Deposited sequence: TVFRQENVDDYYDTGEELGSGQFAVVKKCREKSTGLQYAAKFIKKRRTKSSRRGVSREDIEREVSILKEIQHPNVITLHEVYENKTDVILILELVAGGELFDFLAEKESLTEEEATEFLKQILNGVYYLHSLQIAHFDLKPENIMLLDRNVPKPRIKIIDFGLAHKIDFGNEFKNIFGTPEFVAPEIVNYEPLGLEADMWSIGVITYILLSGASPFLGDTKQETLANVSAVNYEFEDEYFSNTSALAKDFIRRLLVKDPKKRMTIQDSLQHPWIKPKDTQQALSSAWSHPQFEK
């Protein structure tokens, strides 16, 4: 698929940088014809077929195809796509309140209601995606952004569909591997992956929201991955003494090694607590 090849600078002005990763950089921008503001994500293209630098066109097209399908309050909206010889540039909805990761870091520890207020929105977004048979595969606090961080109950959007895949056969078997602290055991073990992997990631996020601590984090990436595969975590009393037994139950039912036994997104919404990769 071909994208707009006009110079993006003829249609947008850029400003502050919003995110910077291994293969992409995001800049705030403003559309000249409307004055509306967006986030421009510049994804570096691969320059030779056999290279490891940049992102393959297949991977870029997949991300764009998924973003084009989705529209929901708890997921980012794609506005348009440009490209040139070096980059594919995604003009995405601007989410101005920053990452949930930074909100958690800057703010004192959350209450159980503050945690569930964020969590219910994440679950609604993931319910939408899974209903579409879309696995995100990179859910974590850095990939959730707040619309306005200065309200009592911030609204959020899920971002970063760089690893997302359509799961039309129940599972996929491809080169898919997220951030060590959040990946499911099936990712660590290079097994076929489905929607269940996201549910594990939600369990990790929930643990962090309630405690400020990461359940499987080791001193090295290999330790973290070994802890995940062995389901080596526990609820530390120092951090969970004020947390309800029902919150711990919710987590326990997500941090399950066998993906078939793990709660699904629909199970998570009906749960009583809610219902109303290498070192170098």
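* Numbering from 1, run down the deposited sequence and write out every stretch that has no C-alpha in the structure. => Sequence range with no C-alpha atoms is 277 to 290 alone.
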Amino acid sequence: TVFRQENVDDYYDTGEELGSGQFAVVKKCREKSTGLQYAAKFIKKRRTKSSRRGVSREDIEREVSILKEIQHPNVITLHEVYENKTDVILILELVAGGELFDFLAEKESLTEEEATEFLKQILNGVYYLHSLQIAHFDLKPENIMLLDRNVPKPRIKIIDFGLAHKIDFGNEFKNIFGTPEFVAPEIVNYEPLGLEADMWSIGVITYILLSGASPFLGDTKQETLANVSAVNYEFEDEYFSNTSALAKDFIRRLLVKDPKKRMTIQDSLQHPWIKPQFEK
From here on, numbers count along this sequence of modelled residues.
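Just so we're on the same page, rigid core means the largest C-alpha set that superposes within 1.5 Å between forms.
* Asked: Line up the rigid core: which moves more in 8 other deposited structures of this protein, 32 to 40 or 249 to 257, by C-alpha RMS?
  -> Of the two stretches, the larger average C-alpha offset in 8 other deposited structures of this protein falls on 32 to 40.
* Asked: Out of 261 to 269 and 11 to 19, which shows the greater rigid core-aligned C-alpha deviation in 8 other deposited structures of this protein?
  -> After superposing on the rigid core, the more displaced stretch in 8 other deposited structures of this protein is 11 to 19.
* Asked: When the other PDB entries of this protein are compared, is residue 108 left blank in at least a third of them?
  -> Missing in at least a third of the others, so yes.
* Asked: Which wins on mean Cα temperature factor, 135 to 143 or 112 to 120?
  -> Looking at the recorded C-alpha B-factors, 112 to 120 comes out higher on average.
* Quick one: say whether 173 to 181 or 102 to 110 has the higher mean Cα B-factor in the deposited entry. => Of 102 to 110 and 173 to 181, the stretch with the higher C-alpha B-factor average is 102 to 110.
* Based on the PDB record, which member of 211, 33, 227, 65 exhibits the highest Cα temperature factor? -> 33 has the highest C-alpha B-factor of those listed.
* Asked: Can you tell me which of 74, 201, 150, 189 has the highest Cα temperature factor in the record?
  -> Answer for 74, 201, 150, 189: 150, with the highest C-alpha B-factor.
* Looking at the C-alpha B-factor of residue 235, is it in the lowest, middle or highest third of its chain? -> Middle third - that is where residue 235 ends up once the chain's C-alpha B-factors are sorted.
* What third of its chain's C-alpha B-factors does residue 215 belong to: lowest, middle or highest? -> Ranked within chain, residue 215 CA B lands in the lowest tercile.
* Among modelled residues of the same chain, the CA temperature factor third for residue 91 -> Its C-alpha B-factor belongs to the lowest third of this chain's values.
* Sorting the chain's modelled residues by C-alpha B-factor, tell me whether residue 262 ends up in the lowest, middle or highest third. => Residue 262: CA B-factor falls in the lowest third of its chain.
* To do: Taking the values exactly as deposited, rank residue 22 by C-alpha B-factor within its chain and report the matching third: lowest, middle or highest.
  => Highest third.
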